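Visitor: Just need the structure, nothing else, for what follows:
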Amino acid sequence: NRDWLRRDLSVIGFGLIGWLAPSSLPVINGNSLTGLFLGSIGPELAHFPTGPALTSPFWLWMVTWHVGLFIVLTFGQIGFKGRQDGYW
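Guide: Numbering: from 1, shown residues only. Right below this line is the structure:
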């Protein structure tokens, strides 16, 4: 009991650089300026005092950047515990 998910506080660090080092590179596909400051442009542009974003370009990047964060920063959770346990 009380250890259903151990912390091991480097997967939150390696998953942090797992969505800044391979996610902030500029690409020629789609003429993107950067992979994530266009995704961080939502706080730069759509941030309003109690008047929030409605019918906006923020909702897409965020819904990808978090989905990439919930597919890479959780992939080290398998990856570090797969080294710790007898998995491969």
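Visitor: give me the element the residue positioned nearest the centre of the chain is part of.
Guide: Among the residues of the chain, the one closest to the centroid is residue 69, at 2.7 Å (C-alpha atoms, centre = their mean). According to DSSP states H and E, residue 69 maps onto helix 58-72.
Visitor: contacting residues around the following helix or strand past that helix?
Guide: Per DSSP H and E, the first helix or strand lying C-terminal to helix 58-72 is helix 75-84. By C-beta atoms under 8 Å, 6 or more residues apart in numbering, the surrounding residues in contact with helix 75-84 are 6, 8, 10, 11, 14, 15, 18, 87, 88. For every residue, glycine as well, the C-beta is placed using N, CA and C.
Visitor: got it, and stretch 14-29?
Guide: Around stretch 14-29, the neighbours that count as contacts under C-beta under 8 Å, 6+ apart are 32-37, 65, 68-69, 72-77.
Visitor: please redo it, this time with the cut-off set to 10 Å
Guide: Residues from elsewhere that reach stretch 14-29, judged by C-beta atoms under 10 Å, 6 or more residues apart in numbering: 10-11, 32-37, 39-40, 64-66, 68-77, 79-80.
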